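Novice: Below you'll find the sequence and an experimental structure to go with it.
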Amino acid sequence: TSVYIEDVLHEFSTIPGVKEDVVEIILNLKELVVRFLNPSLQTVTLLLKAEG
Amino acid sequence: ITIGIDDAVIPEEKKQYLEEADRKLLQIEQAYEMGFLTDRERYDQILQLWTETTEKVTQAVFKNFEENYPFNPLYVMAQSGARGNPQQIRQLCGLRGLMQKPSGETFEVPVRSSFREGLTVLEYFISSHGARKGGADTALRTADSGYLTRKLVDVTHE
Amino acid sequence: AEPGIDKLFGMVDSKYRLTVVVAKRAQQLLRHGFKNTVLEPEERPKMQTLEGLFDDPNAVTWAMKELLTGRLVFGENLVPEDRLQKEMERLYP
Amino acid sequence: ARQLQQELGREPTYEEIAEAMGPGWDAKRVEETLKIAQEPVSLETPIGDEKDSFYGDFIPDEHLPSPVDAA
Amino acid sequence: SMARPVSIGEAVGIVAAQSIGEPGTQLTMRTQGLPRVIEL
Amino acid sequence: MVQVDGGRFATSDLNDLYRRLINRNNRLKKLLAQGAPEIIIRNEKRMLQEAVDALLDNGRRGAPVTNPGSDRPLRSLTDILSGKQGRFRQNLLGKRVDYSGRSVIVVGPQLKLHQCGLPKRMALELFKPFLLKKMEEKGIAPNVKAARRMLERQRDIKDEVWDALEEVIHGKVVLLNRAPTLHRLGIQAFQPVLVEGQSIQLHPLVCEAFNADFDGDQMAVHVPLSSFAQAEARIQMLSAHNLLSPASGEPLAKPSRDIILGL
Amino acid sequence: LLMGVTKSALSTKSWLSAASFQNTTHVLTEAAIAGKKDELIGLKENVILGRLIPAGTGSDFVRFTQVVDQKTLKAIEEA
Amino acid sequence: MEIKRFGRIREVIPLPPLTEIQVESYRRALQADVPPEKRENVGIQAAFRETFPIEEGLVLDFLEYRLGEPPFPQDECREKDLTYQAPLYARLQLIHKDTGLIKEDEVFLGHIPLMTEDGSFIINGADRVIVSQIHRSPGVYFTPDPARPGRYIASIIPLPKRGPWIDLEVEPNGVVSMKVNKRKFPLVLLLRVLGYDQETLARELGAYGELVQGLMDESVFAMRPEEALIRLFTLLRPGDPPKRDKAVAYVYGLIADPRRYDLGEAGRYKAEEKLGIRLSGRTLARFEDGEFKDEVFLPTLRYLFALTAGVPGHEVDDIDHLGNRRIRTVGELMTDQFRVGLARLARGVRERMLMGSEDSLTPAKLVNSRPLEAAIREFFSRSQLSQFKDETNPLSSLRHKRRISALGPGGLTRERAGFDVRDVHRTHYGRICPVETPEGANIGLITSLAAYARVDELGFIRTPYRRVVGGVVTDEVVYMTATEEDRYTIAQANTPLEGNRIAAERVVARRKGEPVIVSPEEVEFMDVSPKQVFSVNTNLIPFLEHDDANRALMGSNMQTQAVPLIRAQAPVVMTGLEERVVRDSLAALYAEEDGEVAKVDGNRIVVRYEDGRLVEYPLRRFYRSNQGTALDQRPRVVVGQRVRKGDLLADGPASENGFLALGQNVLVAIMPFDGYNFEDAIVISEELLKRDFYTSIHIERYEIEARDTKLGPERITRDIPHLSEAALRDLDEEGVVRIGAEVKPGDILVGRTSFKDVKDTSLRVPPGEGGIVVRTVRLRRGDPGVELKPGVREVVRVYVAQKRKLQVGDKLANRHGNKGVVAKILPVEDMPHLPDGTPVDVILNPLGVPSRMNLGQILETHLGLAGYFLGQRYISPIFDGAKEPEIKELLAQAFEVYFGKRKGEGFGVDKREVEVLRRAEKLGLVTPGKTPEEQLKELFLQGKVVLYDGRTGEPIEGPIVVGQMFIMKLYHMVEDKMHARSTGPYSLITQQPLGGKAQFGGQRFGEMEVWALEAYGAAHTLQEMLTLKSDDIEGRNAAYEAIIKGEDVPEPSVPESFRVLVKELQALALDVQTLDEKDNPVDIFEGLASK
Amino acid sequence: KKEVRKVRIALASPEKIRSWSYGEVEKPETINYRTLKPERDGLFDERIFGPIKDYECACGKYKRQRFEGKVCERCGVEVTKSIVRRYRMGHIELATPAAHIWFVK
DNA sequence: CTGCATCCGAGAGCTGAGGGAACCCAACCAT
DNA sequence: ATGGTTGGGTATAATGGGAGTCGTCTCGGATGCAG
Ligand SMILES: [Mg+2]
Ligand SMILES: [Zn+2]
């Protein structure tokens, strides 16, 4: 439901050192399937940190 | 209700109707090479023969539709009055027919292909004349009719 | 279509006369806050919202209903306008 | 301005013209002088391909009070 | 439009002019066609 | 002679025509006061006559008068009066009106014959004063000015305002019109049902009367204001009350296209 | 006589409709010379003047109709 | 996915560069890279060599010209609203015949705009295209007399604005008459002027009968040439003093002066070919040694007599023949405007030479270049042929660049066009597309150049043909004009061949456009390809031979309005031209040479070529086009990848892997659906919205100005009084919204205060707009290259972006002319679905097919079903492509896969399928006595499948056509059109509501509507609308007050427009007076105009 | 307020035109280039056609209502509604008579 | 004094949305 | 008290301008011909 990326101000921007624009990153992330092992869990925040 | 390419059934009689025409054509040419006919008479005879062939093809198409495929989508659409007229159905199945030059006179060779079989370049180009003339006719007619309506409203308004 | 439009059209010799009568009756109802109506409390036009049924604010519907009921008299040169308005105010302030 | 443009080969700036006029002339006065030399345009300037849209048809009244303001 | 005698006050001139003019656009094609109507 | 928003000036051609007339008149007076020879006076009188002619009817005798640097003839008072763009045909027999809107049309198969689907935003903008008065009746706003400021910004609108709007339009009708209007049926009255989205929903059975399809056609909406207008729209212009053609007497609102196919 | 629709329309008595139709300068100069008076009989003149057209609800046959209930009518009868 | 291609016709030559019609023309007109010593006499060079020498004394002579480099690059010109142009310098020398001294000086003449690589111009920061104009070719023509049969009229026509048309006609009397400048007079006078004796005329024209008898007139012949000049002058210019030199100058200027009359290269060529004679120059006659010498008049009279007398070998001219109509391209129009400007410059030079002090004068002071620059600006900013370039997608620009227009300056008029100027002539074959043209009032007047056509140096359209020798088709290609084409028999391109020998006893051919059947021996030329008959847009419609011409027209026109999509795909069925279209539009990026990719980024690609040189290509990202669509380039390469020459590096807008991608391939079913697809409406599934199909990016520009005012300068600042902090949250300390902030209608973008002690005058988002602010640009006074209008200190621009998804009210279209508005968006569970559970995406009404006769979409759907189940794409060229048997075989394979998949899992035939098979058996679609699998295979080979209804689970009672279809979203979106108004601004004079959504205007109630209101008898509605809602100021104020107070609106009054009418009628010295029933004056102005 | 029933159109005499006009326009000036105010005896002069602002003379002596019908002595501008600027005409006195082209052509 | 008979000039041709070139010289009035 | 404005003067001799448009149809006066 939500994405935050460092040093990007809107969906219509690009990230230095990254081939894909932010729109394509959102499109790819919309295909992610996440399983919650705990029934009471309502929301989670996954963190990703990578360097080329 | 659906439309497929095979639903535009082309009657078998059409083939015969074409061959018969190809027969009379030869006769006509003979009657022109031996002096019995002039250019004008031969031109008229070709037009008459192709017109009668087109009408006969229309009749054969609709008789086939009624006798073999009574629930055909195009036939049902035409007979119920929902959409379509017999001329369009004939163009779809039998043949388009004679076409008019920009000068207003008919061509000597007709369009013997339907829209299901697929047209060649030459028939498409000759039909472009009639298509363009109809479009321009519409374009002028709408303005002239608007002017007439304004004049009538102004003369009868009281 | 509006209910009973056929009868309303057959009640008058001209449809524009019916329209004029409906508009004038609607104006009369609007001016006095629906206190001059001839409808019984169970013939009153209702409107259903979440809170509950209330009176219909549209005066034209009221005029059509009263014209359908047949308790209104209409015609040409019935009463002087000044006297009409004064009497109207007398019965329904 | 036209002589400066011809010699220098491009449209001159206001400061160059002011410098070439002499004492008592700065760029600000030159802008004002060009500003006051402007001529009114026509309200019927044709806009678009068809001959039906005029410039003055897009000019609103800012003087008379609006119906909301009067109420 | 009502299959009943016309009401007094109807603007029949405008209705007649519109009724005549309506088909002419597109319905009538083009001595013959719309030019004949215009000439008449 | 007005100042445009950009600070520039815009003027009418009548000012230039009057200026030319005044210049020639003043020069004629000066020349007459000087005892000039008759050739100069004759030329001056000819030019004054030509200037008067240009003011009254420019472009009638000789070459029309134009403004320097352009080939456009100046529009005289007669030019203002006459023509397709003249006063009579453009501002007297037809006007632009308030309480009106326009939008694309979409098929409305679930509507009744007397109903049309109107977007919520169009209804809110069209019935704004009625909505303000009705909100005043309720407790949504203390006064009309507060209601106006609240309705001004889109994000400042709440839920009960929509119910107030639904109560406002109860029983009222609007006029739908598709250009070109070839017959009287090109304008018809409908009861608005509030819908979501941006498209007006039209009943399938009136498409033949409007000569409207759904390949990009747009239609305009108008709101009759007074009691007389509403009565006329509801009694004489209701769609369900106009079922036969005024030209032939045959039915004009009738099943077509898919309905015949199914039946 | 028989004249086309254009010439019949341009020959009407009302100078307002004729002036708003066509040939505005000729109609206006003839009307000004003759001192013509427009009686506002047709619909276009009333539309131009922003008046109520003499048709429909604006017809003299129907636009003077009054409406009243029985109680008020009886009260006026007693008065 | 594998691509399989059909077709038998092999093309000897590829398509020419698709934008050459602009680029080559401009290059030939400029000749920038040709050294001055070798420059030809075309373009602006010819204008320079014609206007100069400016003879007076003194003589100013032209030596050469040069073009410098632009002061600013293209992108810098785009941002600062400048014109991309180059300075033009001309070196001249002033000589003094009496003295001898020569002053040589290079003078700056102004700036000439430069066309970019793609073929467009940047004028004042805006992209513009010059459209080519089709017009009547100059020369000599002969036409039949319309009034009286058996006589003919000869016409001599120069270039536009380069001389008068000259008419020759044999009068009923029997004498010949020449009309020029609308002045009939006998031609024998002019013949005598040119120096013709009776013996010469009698010997030259005697054989032709009594015309030569009627031509001689002894009164005229007895007169000497000079006296004939005086007589001609008094006939042509009655009243003007008949001086000898003045008459000489007038007659010289009329027909013999090169600076006023000029028959072009086309006119000269046409005259030489028609009359069989040789011209010396470009004029009708020559003035040498005080004597006029004839050049064209005698040949013209000879041809006229021969044609009238029925001598064989002389024919009339068809004025719509494409050999008699020519094309003026951008270069020719620019050169003509340059010539006019140069003539004005010549006038200025002559005046300054006369008035200037002859002792101290140089070429620089004599030449004022202002008129030339003014003329160029006028041409490039106000000419009707210069049009705001359409860049919705690359195909839009490519189409616009190939457009041919009959309108424009000197062209035809839309209201006076008949039928001869709008019909497709027989000579259009291979030169002008007969299908693609506008549908409204411009039909037949605006057209497109054919795909293989090339405009030659003379302005005549040429088309290519293969040479056939002895029944053998060769590889030699000859480009021919229509006149040349008329002399041969040209065989159709679809004639069967074995190797390169015509393997057919009867060949279909054209003879002067007439279809004929000939033997292979008589064929002289052959068509190159069917593609050459139609334009580029029409070449992108598969199965074009199955479509009616009107719907092909609609599809061709409507493909231009396609919006780029963020997930665009190439069509399942292509014609094989999408790669050339994308390549020639300069939208994608290709590797210049063989090399290896070094760096890849979202805004940069650095490539290492085999030369060892690193080359960096920046990428245009999220840039606003002229139409608001977003055009961006996305890299399609990875670091370390080896790229050959011409390999794709970055994808352009509306392109997928180098193929044109204008829309999406969706699963469609052809069936009615609950009336939601009634009358062309379209029903779509929510699954399209879920996976971001038909989602587009749009950019809007908002501009504001801070200027100087008498009460003080305007200023952009954060501190504006009487606004809460909630409306100033997103503004920075400089009064501009921060990048990335979301804005809704009513939010402030740029803050501004004006001296009222200040008041709010900020720029806000109009109703119905908004989005995310993506860019801000500030231009201030003094910044290099900035040219603001006087008085304005600075300008602020804001670029705001929107992500628009498909919604109800949006327009969708296919390539076959089927267009429709989305009427309903259904949940996935309501959509009809296949027995394997896959739902369809789009439902199309079958009623659109039978009357529109666009059957190509049905064949496309069948091929799309086959490709969907086989996982491949197909190339089907127009008029030579997929036929029914091939599609049936492909469908057989697709059914084998589609059914073996189900049968492997262990499932038989459903009961519902059995019921549907029974129903189809009753319908006669399948043969009774076969197994259910065989019947299902027969239905699949007919393109029909069993389909289930999502609401009930019962099957549709008959088999339904289902398959993949290519559908594109159109630029007509309801978001940009929805508008409503209660009250707002009013006009200055009429006091009536303004028009347009931008002005928050109201809809116009025209005459047609008022008539309907009258026909309903709704007098009160009309009276309210005409006063209380338009221009009754007191009436509308009182109405608003009464409505907001709960009462009813009052009675109306006289509208203000009638007061304006009365005031304007009194200004014409006409007394208009309103009177009551008793003939007394009624003052409608409330005593405000009575002294 | 009587109802309007007929509209009459007729030729206008010079006396009628002079009675319509509130003054003769003697100069071709339109507006001042410095103050953007109408020039005296020009095509926009407030003494002839009326004030630009409601109930306020040109020189500012009177800026309040109740002065209806009062003409300021310094500036000569009547104090009234500004709307009178769309009703009040002026006139130009020709040195020599000129023919009305409508009755000539 | 009729009647023909061209001969010339005047005035029209759908709606709606959207369209963007002298210098000096010296007195004189407003504020 | 101050600038910006308003009108007047300049002395070899100087003496009839200059731009130009063409693919429409229909209607009603106007002029010139035979009877
Ligand atoms: Mg449409
Ligand atoms: Zn004062």
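Specialist: Cool, got the structure. Numbers count the residues shown, from 1 in each chain, chains lettered A, B, ... in the order given. Ligands and ions are numbered 1, 2, ... in the order given.
Novice: switch to C-alpha atoms for all contacts and neighbour counts from now on
Specialist: Fine.
Novice: Helices of the chain, residue ranges please.
Specialist: In the absence of a named chain, chain A is used. Under the criterion DSSP state H, helices of chain A are mapped to A:22-29.
Novice: oops, chain C please
Specialist: So, for chain C - with DSSP H - the helices run C:5-10, C:15-31, C:59-69, C:81-91.
Novice: Please name whichever of those is nearest to chain F.
Specialist: helix C:15-31 (5.1 Å; Cα to the nearest Cα).
Novice: could you check whether that closest one is close to chain F?
Specialist: Yes - against chain F, helix C:15-31 shows contacts by Cα under 8 Å from any Cα of the partner chain at C:15, C:19-20, C:22-24, C:26-27.
Novice: Put together JSON lines for those, with neighbour count on each row.
Specialist: Converted to JSON lines, those look like this (neighbours: other Cα atoms under 10 Å in any protein chain shown):
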{"residue": "C:15", "neighbour count": "24"}
{"residue": "C:19", "neighbour count": "28"}
{"residue": "C:20", "neighbour count": "23"}
{"residue": "C:22", "neighbour count": "27"}
{"residue": "C:23", "neighbour count": "24"}
{"residue": "C:24", "neighbour count": "21"}
{"residue": "C:26", "neighbour count": "22"}
{"residue": "C:27", "neighbour count": "19"}
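Novice: tally of neighbours for the closest residue to chain C within chain A?
Specialist: Nearest residue of chain A to chain C: residue A:42, at 34.1 Å (Cα to the nearest Cα). A count of nearby residues for residue A:42, using other Cα atoms under 10 Å in any protein chain shown, gives 7.
Novice: Need the phi and psi values for it.
Specialist: phi -110, psi -30 (degrees, to the nearest 10).
Novice: Distance-wise, check it relative to residue A:35.
Specialist: 12 Å (Cα to Cα, to the nearest Å).
Novice: Do a quick rundown of the strands in chain E.
Specialist: With DSSP state E as the criterion, chain E has no strands.
Novice: and the longest strand for chain C?
Specialist: Every strand in chain C considered (DSSP E), the longest is strand C:72-76.
Novice: can you give me the helices for chain E?
Specialist: E:12-24, E:34-39.
Novice: So which residues of chain D form strands?
Specialist: Under DSSP E, chain D gives strands at D:41-42, D:46-47, D:53-54.
Novice: let me fix that: chain B
Specialist: Counting by DSSP E, chain B contains no strands.
Novice: Just the closest residue of it to DNA strand J, please.
Specialist: Residue of chain B nearest DNA strand J, by Cα to the nearest atom of the strand: residue B:143 (3.5 Å).
Novice: what packs against the longest strand of chain C?
Specialist: strand G:65-69 (3 or more Cα pairs under 8 Å, 6 or more residues apart in numbering or on different chains; DSSP states H and E).
Novice: Just the angle for the strand it packs on relative to helix C:81-91, thanks.
Specialist: With axes from the mean of the first three to the mean of the last three Cα atoms, to 10 degrees defining the directions, strand G:65-69 sits at 20 degrees from helix C:81-91.
Novice: quick one: strand G:65-69 to chain centroid distance?
Specialist: Put simply, strand G:65-69 sits 26 Å off its chain's centre (Cα atoms, centre = their mean, to the nearest Å).
Novice: just stretch H:980-999 next, same as before
Specialist: Using Cα atoms, centre = their mean, the offset of stretch H:980-999 from its chain centre is 32 Å.
Novice: how about it: buried residues?
Specialist: H:980-988, H:990-995, H:997, H:999 (16 or more other Cα atoms under 10 Å in any protein chain shown).
Novice: before we move on, what about stretch F:241-261?
Specialist: F:241-247, F:252-258, F:261.
Novice: just stretch H:181-190 next, same as before
Specialist: Buried residues in stretch H:181-190 (16+ other Cα under 10 Å): H:185-190.
Novice: between the helices of chain E, which gets nearest to residue H:885?
Specialist: helix E:12-24 (46.2 Å; Cα to Cα).
Novice: That closest one near chain F at all?
Specialist: Yes - interface with chain F: helix E:12-24 contributes E:15-16, E:18-22 (Cα under 8 Å from any Cα).
Novice: Give me the neighbour count for the closest residue to residue H:394 other than its chain neighbours.
Specialist: Leaving aside its sequence neighbours, residue H:394 sits nearest to residue H:585 (Cα to Cα, 6 or more residues apart in numbering or on different chains; 5.9 Å). By other Cα under 10 Å, 22 other residues sit near residue H:585.
Novice: mind checking the backbone torsions on the closest residue to residue F:177 other than its chain neighbours?
Specialist: Closest residue in space to residue F:177, ignoring its immediate chain neighbours: residue F:187 at 4.5 Å, by Cα to Cα, 6+ apart. When read as degrees, to the nearest 10, the backbone of residue F:187 gives phi -120, psi 130.
Novice: How about residue H:511?
Specialist: phi -130, psi 110.
Novice: Who are the contact partners of the residue of chain E positioned farthest from its centre?
Specialist: Distance from the C-alpha centroid of chain E, by Cα atoms, centre = their mean, peaks at residue E:8 (20.8 Å). By Cα atoms under 8 Å, 6 or more residues apart in numbering or on different chains, the residues touching residue E:8 are C:14, G:61.
Novice: same thing but 7 Å
Specialist: residue C:14 (Cα atoms under 7 Å, 6 or more residues apart in numbering or on different chains).
Novice: Identify the bridge partners of residue H:764.
Specialist: residue H:748 (DSSP bridges).
Novice: how many neighbours does it have?
Specialist: Using other Cα under 10 Å: residue H:764 sits among 17 other residues.
Novice: residues touching it, list them.
Specialist: Contacts of residue H:764 by Cα under 7 Å, 6+ apart are H:746-749.
Novice: Kindly report the same for residue B:111.
Specialist: B:95-98, B:123.
Novice: how far away is the spatially closest residue to it that is not a sequence neighbour from residue B:112?
Specialist: With sequence-adjacent residues excluded and distances taken as Cα to Cα, 6+ apart, residue B:111 is closest to residue B:97, at 5.0 Å. For residue B:97, the distance to residue B:112 (Cα to Cα) stands at 6 Å.
Novice: ok, back up a step: ok, the residue nearest to residue B:111 touching residue B:54?
Specialist: Yes - using Cα atoms under 7 Å, residue B:97 is in contact with residue B:54, at 6.4 Å.
Novice: If you count surrounding residues, which of these two has more?
Specialist: residue B:54 (24 against 19).
Novice: Just the buried residues of the helix ranked longest in chain I, please?
Specialist: When chain I is parsed with DSSP H, its longest helix is helix I:14-20. For helix I:14-20, the neighbour count (16+ other Cα under 10 Å) marks I:17-18, I:20 as buried.
Novice: cool, and stretch H:449-463?
Specialist: Buried, per 16+ other Cα under 10 Å, within stretch H:449-463: H:449-456, H:459-463.
Novice: what does stretch H:495-503 give?
Specialist: H:495, H:502.
Novice: wait, does that stretch contact chain B?
Specialist: No - Stretch H:495-503 lies apart from chain B when judged by Cα under 7 Å from any Cα of the partner chain; the minimum separation is 11.0 Å.
Novice: can you list the residues that contact that stretch?
Specialist: So stretch H:495-503 is contacted by H:471-473, H:504, H:507, H:520 (Cα under 7 Å, 6+ apart).
Novice: Then stretch H:680-697?
Specialist: F:213-215, H:564-567, H:629-630, H:676-677, H:801-806, H:819-828, H:831, H:841-845, H:848, H:969.
Novice: Please spell out the ChimeraX selection for the buried subset of these.
Specialist: Typed into ChimeraX, the next command selects the buried ones out of these (criterion: 16+ other Cα under 10 Å):
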select /F:213,214,215 /H:564,565,566,567,629,630,676,677,801,802,806,819,820,821,822,823,824,825,828,831,841,842,843,844,845,848,969
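Novice: Check chain D for its longest helix and report it.
Specialist: Max-length helix for chain D by DSSP H is helix D:27-36.
Novice: quick one: it near DNA strand K?
Specialist: No - interface with DNA strand K: helix D:27-36 contributes nothing (Cα under 7 Å from any atom of the strand), its closest point being 10.5 Å away.
Novice: Which strands and helices lie in contact with that helix?
Specialist: helix D:14-21 (3 or more Cα pairs under 7 Å, 6 or more residues apart in numbering or on different chains; DSSP states H and E).
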